[PDB]
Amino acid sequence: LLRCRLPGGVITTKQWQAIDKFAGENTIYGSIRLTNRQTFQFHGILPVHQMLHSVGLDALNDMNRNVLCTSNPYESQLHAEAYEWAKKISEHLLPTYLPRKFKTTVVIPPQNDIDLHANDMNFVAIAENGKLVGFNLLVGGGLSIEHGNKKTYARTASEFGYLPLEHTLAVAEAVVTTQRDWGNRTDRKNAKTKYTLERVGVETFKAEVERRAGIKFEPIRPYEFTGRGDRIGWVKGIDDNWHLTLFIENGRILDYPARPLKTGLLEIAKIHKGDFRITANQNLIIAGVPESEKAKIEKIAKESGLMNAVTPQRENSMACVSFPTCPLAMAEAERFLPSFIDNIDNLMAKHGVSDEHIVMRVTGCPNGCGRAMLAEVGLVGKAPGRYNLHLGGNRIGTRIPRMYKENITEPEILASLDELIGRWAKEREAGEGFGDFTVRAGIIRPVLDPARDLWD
């Protein structure tokens, strides 16, 4: 279990070949596991720092996790600057000791693919005339909970205000230090930023950040999100460039009988002009493909089974690693997701909603790595084969789903969804998401203030 610092999930084709080699020859599993934080993991390492350092990669006292950045913006030209900033914040935050681990993102509306509400500090990019002018700052997200411990809770980030580009690093540093100083000095399970904010208050925390940064926040600049999914397939970039996002189930890159996913990515890496981008949805973008090269790349991806069509449901589902490698796993996640979505796909077809999707996530234990606490339908592992079923989040990921059923099995989960999906298929308003529908139709009460109303 070794993880690399890879801001924005951008990795070169050279770096890819290096990690592909190591993964194959020096680990028990032989796989490359793309994570939902835009980096990769090796499992069962049997020097790695030299191998990493040799291609210019460094694995993260340092409570800082990988800084995320919207991987495939609709306004393609914005990525370069946003990525440059994610990278600078990353280097800037590198060693103070944080009470708990600190997570940061750079978001480019209208996409919340990085799932900002699961993070401590978020910089939402504001652009004027194709140029970034500043960031809206949202602080305090965190999903980790402890079963039956009403003192823990998932929380969404709070808006602090807008800041011109020039103040970015000063503000980033100020949030980190304020949290470091005010974080709970006694208990580890309450030292996270989401808890500090609720203890001292957003305005109190905010005022301190302004004092330390040497700035005064301006009012929030308008922004909205329309989704969190990747743009599977070919999308037109800038110039004559194209981006091919490949759906990779569970982000597990391995050669399977008749689906040489790993070798395929190696073949592509060898002829690929630009680089790759690991997404927050555990997928991979082959970025900067000249129009003339599309066919070459597509042929390989197609042959290798990297372009096998899946339903929109499968593309919008996610699970954490869990067993067999995670020591904290309570129930299967990555290994349960595939057949579970086979079941959900059947249910979607049965109700005539096969072209629809429900943001569905499974996390193997309450730590919440699979980000089930920001899903429309979240499954939270409680024991072997048993999960807590949560409903009521929304497509864009700005609402925490309340627990609907507790410690139930797959057959029980499937029966409840069969029924709920049916009602949604028939009673929903035009373009209404499943999560919103369960809340509208009174199937589940919404979570309006997590620190106070998440638990029944």
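One-based numbering along the sequence shown.
J.: Which class fits the unmodelled deposited stretch between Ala425 and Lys426: none, 1 to 3, 4 to 9, or 10 or more?
T.: Going from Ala425 to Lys426, the model skips no residues of the deposited sequence.
J.: Would you class the number of unmodelled deposited residues between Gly201 and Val202 as none, 1 to 3, 4 to 9, or 10 or more?
T.: Per the deposited record, the segment joining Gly201 and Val202 has no missing residues.
J.: Which of the two stretches, 276 to 284 or 309 to 317, shows the higher mean Cα temperature factor in the record?
T.: It is 309 to 317.
J.: Comparing 216 to 224 with 173 to 181, which has the greater mean CA B-factor as deposited?
T.: Averaging CA B-factors over each stretch, the winner is 216 to 224.
J.: Kindly indicate the residue among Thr35, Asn61, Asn66, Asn407 with the greatest C-alpha B-factor in the PDB record.
T.: Answer for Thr35, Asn61, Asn66, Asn407: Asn61, with the highest C-alpha B-factor.
J.: Highest Cα temperature factor in the entry, among the options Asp115, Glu146, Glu332, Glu291: which one is it?
T.: The record points to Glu291.
J.: By the recorded C-alpha temperature factor, relative to the other modelled residues in its chain, which third is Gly431 in?
T.: For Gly431, whose C-alpha B-factor we compare with every modelled residue in the chain, the answer is the highest third.
J.: By its CA B factor, does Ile19 count among the lowest, middle or highest third of the modelled residues in the chain?
T.: For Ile19, whose C-alpha B-factor we compare with every modelled residue in the chain, the answer is the highest third.
J.: Among all modelled residues of this chain, ranked by Cα B factor, put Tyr256 in the bottom, middle or top third, i.e. lowest, middle or highest.
T.: For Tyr256, the deposited C-alpha B-factor lands in the highest third.
J.: Would you mind checking where the Cα B-factor of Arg395 ranks among the modelled residues of its chain, as the lowest, middle or highest third?
T.: Its C-alpha B-factor belongs to the lowest third of this chain's values.
J.: Lowest, middle or highest third: where is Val362 by Cα B-factor in its chain?
T.: It belongs to the lowest third of the chain when residues are ordered by C-alpha B-factor.
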